[PDB]
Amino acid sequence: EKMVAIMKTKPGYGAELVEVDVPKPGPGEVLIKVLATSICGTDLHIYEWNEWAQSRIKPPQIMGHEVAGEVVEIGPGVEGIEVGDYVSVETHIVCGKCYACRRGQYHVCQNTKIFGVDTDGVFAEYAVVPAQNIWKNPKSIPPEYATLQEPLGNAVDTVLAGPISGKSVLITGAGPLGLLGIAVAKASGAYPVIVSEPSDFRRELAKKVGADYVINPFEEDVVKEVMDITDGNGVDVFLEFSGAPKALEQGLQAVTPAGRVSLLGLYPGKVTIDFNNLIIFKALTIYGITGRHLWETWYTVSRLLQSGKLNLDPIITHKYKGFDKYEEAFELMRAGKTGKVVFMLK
């Protein structure tokens, strides 16, 4: 009847490790036992209690949303899920009713609620989950990889928004999302994959994951280096994984005419851009990326996991046993000292 949870108990910095009642799954819900769980930048912002989290979180609430778990209990009415199923969780809870949903664009549902943001999450021993947000995992995939499927899906949709095999690529940003992008891009045949990242630690991770070239944009002229690599032609594909305004401008300069751009990173505010010369006169195709395409992106992610071609080990920089060191985990992330952190549960 009791379980450990990482909990945002009240407004302010940080979180508390508490013991609470194991939830009961009601109609259309299942209860999973958590096997592995990982920390998202969203979780960090809730911990730090920034302006966004202030506008969005009602304490008290269990934190976290990336998960690998086992179904232990089914709520009434639930079909198609059985006790013992190995599962992960899609966080967009969609209405099924708006124009976006009815066109099959669930990832931009007009009435979206976010699991672990608008609801209790998964940094706990057990979690209740809407049954329609359950993804069944093949048993071959280890929990430490299965827990990365949400951000891995974001990375898949950014990388694969167009053709990528045999394409030259610039990635700006090698935080966890960008690192996962590198892994996806290399497993999908991109070369050369050029990665721009000012942090020395993350830039070296990008190389271990598989970047063909790395660039420190605080010391090197990104666009000039990219012109050297691509013999003056620019990259076929530009993937923006940093949310830095200057990186957006560099990638739009570095991309080949009529090339393709995917934008995942989110900027501190509005950006000021030369649309005439960089987007219009270059005839670019630009994709904004958010969420995951439900369920095609999850099938793609699942096969890429099973193929063994994603080089994910270098990205998991910290694997903790249970939740006791959550304070240290969140502080290391804040410091930029991380790839992904995984909590492993007994």
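Numbering starts at 1 and runs along the sequence shown.
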34-42 versus 295-303 - which carries the larger mean C-alpha B factor in the record: 34-42
Segment of higher mean CA temperature factor, 86-94 or 261-269: 86-94
Maximum C-alpha temperature factor, selected from 236, 118, 197, 204: 118
Against its chain's modelled residues, does residue 274's Cα B factor rank lowest, middle or highest third? middle
In terms of the CA temperature factor given in the entry, to which third of its chain does residue 68 belong: lowest, middle or highest? middle
Lowest, middle or highest third: which one holds residue 80 when the chain's residues are ordered by CA B-factor from the entry? highest
Of the three thirds of its chain by CA temperature factor, lowest, middle or highest, which one includes residue 137? middle
Taking only the Cα B-factors deposited for this chain, tell me whether residue 113 sits in the lowest, middle or highest third. highest
